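Visitor: sharing an experimental structure here, sequence included.
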Amino acid sequence: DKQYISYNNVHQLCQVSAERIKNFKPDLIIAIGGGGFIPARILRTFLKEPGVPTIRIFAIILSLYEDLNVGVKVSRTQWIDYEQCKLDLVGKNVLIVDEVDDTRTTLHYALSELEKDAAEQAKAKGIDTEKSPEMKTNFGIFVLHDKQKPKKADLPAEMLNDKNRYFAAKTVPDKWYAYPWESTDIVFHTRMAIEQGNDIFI
Amino acid sequence: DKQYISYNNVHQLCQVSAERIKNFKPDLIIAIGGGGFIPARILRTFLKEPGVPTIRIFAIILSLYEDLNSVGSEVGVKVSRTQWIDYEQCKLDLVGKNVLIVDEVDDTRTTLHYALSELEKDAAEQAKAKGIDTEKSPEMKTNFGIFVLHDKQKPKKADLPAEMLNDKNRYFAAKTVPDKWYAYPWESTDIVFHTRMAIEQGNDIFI
Ligand SMILES: Nc1nc2c(ncn2[C@@H]2O[C@H](COP(=O)(O)O)[C@@H](O)[C@H]2O)c(=O)[nH]1
Ligand SMILES: Nc1nc2c(ncn2[C@@H]2O[C@H](COP(=O)(O)O)[C@@H](O)[C@H]2O)c(=O)[nH]1
Ligand SMILES: [Mg+2]
């Protein structure tokens, strides 16, 4: 019942999504862990317009841990040092990238944590984003697969009902998906991907 | 001419390099340009063992050139980055760490020489700031390794240390290759054509 995804499939999924993602006009990309790292790079190829610079990709890791005497908390295993990076989130379009939305908890908390970063950086400079909305950080999400299961966590209604804020390359059935970069036998992996129709689908 | 490289070819190139990269024992992997992202993440999969932590991967721009819009579908395009745009980005904790620098191709070697020099300066500056003498406590040194998919058989415009190059456990080229233009699959805007050409030229599966 495992679904095998080939590299060529992923490439195409990023290719067909790039057009609607350009409407979001991302200023930077934040790729979650090992899953978002490659999708983010492939997107970047199709986001590059003649004349405008190659946008930065930032790699983060979120580790979730359970109740501890109202919610599941997060440790920032790998984060952005905005000080040494010289990265202002204020007034930017930020695209969060991962491979799969499963229960939606990782994306929910990644967004929550990054919204915290954005607000704290704006209040440090004395900016009220509700009085001046042009300096507000605009978050978008790109994912390859959004599993059609019931979610354990939510995303903002405004972002979730907008096709120019939330970008899921393909809404897929509730199955375990094997991504090509996770494979130690890529020949077998690709054979299965072609056989299952998870390859070169156009 | 133009040599098309498939994704599956890249995967296997990382596959045959992973066991010797284990001898270097990297604490982190740094992709220094667009060509290092895919190799860096595939490596992580092959470096994983039970009872061993997952290696961290970072992308830090230390590239001298770029190629994204320019494809002949001229082909052999290397455009230097304009200094009009400040590309002095993020910093990493390098002290006491084994660092694998990853890129796709060693061409004239200017990029790797530059990246190595910059990263070596960062580490030295971090060590001095913390009050560390890396000569008195050498475990605080930063050891650098380089992994590249392709290393071109041609003159080099910049040098890497001879002792590093001579050491198969410090300079890792998956394949030493003739001076041609390599089309990498993450650069393709027509992956069907790209893969088909790669298969025709024997640049797909080889294991
Ligand atoms: N390889 C793989 N990982 C998955 C899959 N579903 C969830 N995950 C893991 O769980 C994360 C998303 O889980 P969520 O937070 O949405 O429940 C992903 O980033 C990934 O690490 C899957 O189908 N295949
Ligand atoms: N796609 C592609 N890029 C190349 C090739 N040779 C050099 N480059 C570009 O130039 C960089 C290497 O620069 P050098 O080694 O000359 O300092 C690579 O990271 C890549 O951006 C090639 O054969 N194919
Ligand atoms: Mg490069």
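Guide: Perfect, I can see it now. Numbering: from 1, shown residues only, chains lettered A, B, ... in the order given. Ligands and ions are numbered 1, 2, ... in the order given.

Visitor: and the helices in chain A?
Guide: A:7-21, A:33-47, A:82-85, A:105-124, A:157-160, A:186-196 (DSSP state H).

Visitor: out of those helices, which is closest to ligand 3?
Guide: helix A:33-47 (11.8 Å; CB to the ion). All C-beta spots, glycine's among them, are computed from the backbone N, C-alpha and C.

Visitor: any idea how far ligand 3 is from residue A:72?
Guide: Using CB to the ion, to the nearest Å, residue A:72 is found at 39 Å from ligand 3.

Visitor: pretty sure that residue sits against residue A:103.
Guide: No: using CB atoms under 8 Å, residue A:72 makes no contact with residue A:103, being 10.8 Å away.

Visitor: tell me the most buried of the helices of chain A?
Guide: helix A:33-47 (a mean of 24; mean count of other CB atoms under 10 Å in any protein chain shown).

Visitor: and that one, is it in reach of ligand 1?
Guide: Yes: contact of helix A:33-47 with ligand 1 (CB under 6 Å from any ligand atom) involves residue A:35.

Visitor: repeat for stretch A:167-181
Guide: Yes: Stretch A:167-181 lies within reach of ligand 1 by CB under 6 Å from any ligand atom, at A:176, A:177, A:179.

Visitor: identify each buried residue in that stretch, please.
Guide: Buried positions in stretch A:167-181, judged by neighbour count with 16 or more other CB atoms under 10 Å in any protein chain shown: A:167, A:168, A:169, A:172, A:177, A:178, A:179, A:180, A:181.

Visitor: nearest to residue A:53, of the residues of stretch A:167-181 next to ligand 1?
Guide: residue A:179 (29.1 Å; CB to CB).

Visitor: sorry, back to before: what's the most distant pair in the buried residues of stretch A:167-181?
Guide: A:167 and A:178, at 22.1 Å, using CB to CB across these.

Visitor: what is the end-to-end distance of stretch A:154-166?
Guide: 12 Å (CA to CA, to the nearest Å).

Visitor: now the closest residue to residue A:29 other than its chain neighbours: how far from residue A:41?
Guide: Counting by CB to CB, 6 or more residues apart in numbering or on different chains, residue A:57 is the residue found nearest to residue A:29 once chain neighbours are left out, at 4.5 Å. Between residue A:57 and residue A:41 the computed distance is 7 Å (CB to CB, to the nearest Å).

Visitor: also residue A:33?
Guide: 14 Å.

Visitor: need the contact list for the spatially most central residue of chain A.
Guide: Residue closest to the mean C-alpha point of chain A, counted by CA atoms, centre = their mean, is residue A:97 at 1.8 Å. By CB atoms under 8 Å, 6 or more residues apart in numbering or on different chains, the contact list for residue A:97 reads A:29, A:30, A:31, A:32, A:36, A:39, A:40, A:43, A:141, A:142, A:143.

Visitor: pick the one among those residues closest to residue A:191.
Guide: Using CB to CB, the contacts of residue A:97 come closest to residue A:191 at residue A:39, 22.7 Å.

Visitor: hmm, residue A:65 and residue A:73 touching each other?
Guide: Yes: if you go by CB under 8 Å, residue A:73 and residue A:65 touch, sitting 5.7 Å apart.

Visitor: next one: the residue nearest to residue A:134 when sequence neighbours are not counted from residue B:75, what distance?
Guide: Using CB to CB, 6+ apart and skipping the chain neighbours, the partner closest in space to residue A:134 is residue A:91 (6.6 Å). Noted for residue A:91: a distance of 39 Å to residue B:75, by CB to CB.

Visitor: what's the answer for residue A:98, then?
Guide: Residue A:98 is 33 Å from residue B:75, by CB to CB.

Visitor: now do residue A:161
Guide: Counting by CB to CB, the gap from residue A:161 to residue B:75 is 44 Å.

Visitor: now residue A:196
Guide: Counting by CB to CB - residue A:196 and residue B:75 are separated by 34 Å.

Visitor: enumerate every residue touching the closest residue to residue A:200 other than its chain neighbours.
Guide: Of all residues beyond its chain neighbours, the one nearest residue A:200 is residue A:8 (5.4 Å), with distances taken as CB to CB, 6+ apart. Listed by CB under 8 Å, 6+ apart, the contact set of residue A:8 reads A:199, A:200, B:7, B:191, B:192, B:195.

Visitor: what's the local residue count around the second one?
Guide: Residues near residue A:200, counting by other CB atoms under 10 Å in any protein chain shown, number 15.

Visitor: was I right to think it contacts residue A:7?
Guide: No: Residue A:200 lies out of contact with residue A:7 (CB under 8 Å); the separation is 10.5 Å.

Visitor: quick one: terminal-to-terminal distance for stretch A:67-86?
Guide: 34 Å.

Visitor: can you list the buried residues in that stretch?
Guide: If you call a residue buried by 16+ other CB under 10 Å, then stretch A:67-86 has these buried ones: A:74, A:78, A:80.

Visitor: closest point of chain A to chain B, which residue?
Guide: Nearest residue of chain A to chain B (CB to the nearest CB) works out as residue A:7 at 3.3 Å.

Visitor: residues contacting that residue?
Guide: A:180, A:190, B:6, B:7, B:8, B:11, B:185 are the contacts of residue A:7 under CB under 8 Å, 6+ apart.

Visitor: with residue A:159 instead?
Guide: A:139, A:140, A:141, A:165, A:166.

Visitor: buried subset of the residues you listed?
Guide: Looks like these have A:139, A:140, A:141, A:165, A:166 buried, using 16+ other CB under 10 Å.

Visitor: quick check: closest non-adjacent residue to residue A:32.
Guide: residue A:98 (4.2 Å).

Visitor: got it, and residue A:11?
Guide: residue B:191 (4.6 Å).
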